[PDB]
């Protein structure tokens, strides 16, 4: 399966295709979109986003509190789409402060 990932970025809204076993960040980078990252391993705040519609599988992530996952935050370097999904990007600040 291949899913449509819609990114809501501070610059605007863009959609890419992302295979079901490709991390969202990597589909963005493969499309020419520069989204932030640092560890690329699921253990930092840098690539954080917020799921506003649909679902992901981000069981390879460790950094987020279940409160944080329950509120919709996702680590894009560690999240597979499981449906068409819309993600607000550049939410590092919100999962620190």
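Positions refer to the first chain, counted from 1.
Visitor: Regarding 46-54 and 65-73, which shows the higher C-alpha temperature factor on average in the entry?
Guide: Stretch with the greater average CA B-factor: 65-73.
Visitor: Is the Cα B-factor recorded for residue 31 in the lowest, middle or highest third of its chain?
Guide: It falls in the top third of the chain.
Visitor: Split into thirds by Cα B-factor across the chain's modelled residues, where does residue 20 land: lowest, middle or highest?
Guide: As the PDB entry reports it, the C-alpha B-factor of residue 20 lands in the middle third of its chain.
Visitor: Split into thirds by Cα B-factor across the chain's modelled residues, where does residue 5 land: lowest, middle or highest?
Guide: Tercile = lowest for this residue's CA B-factor.
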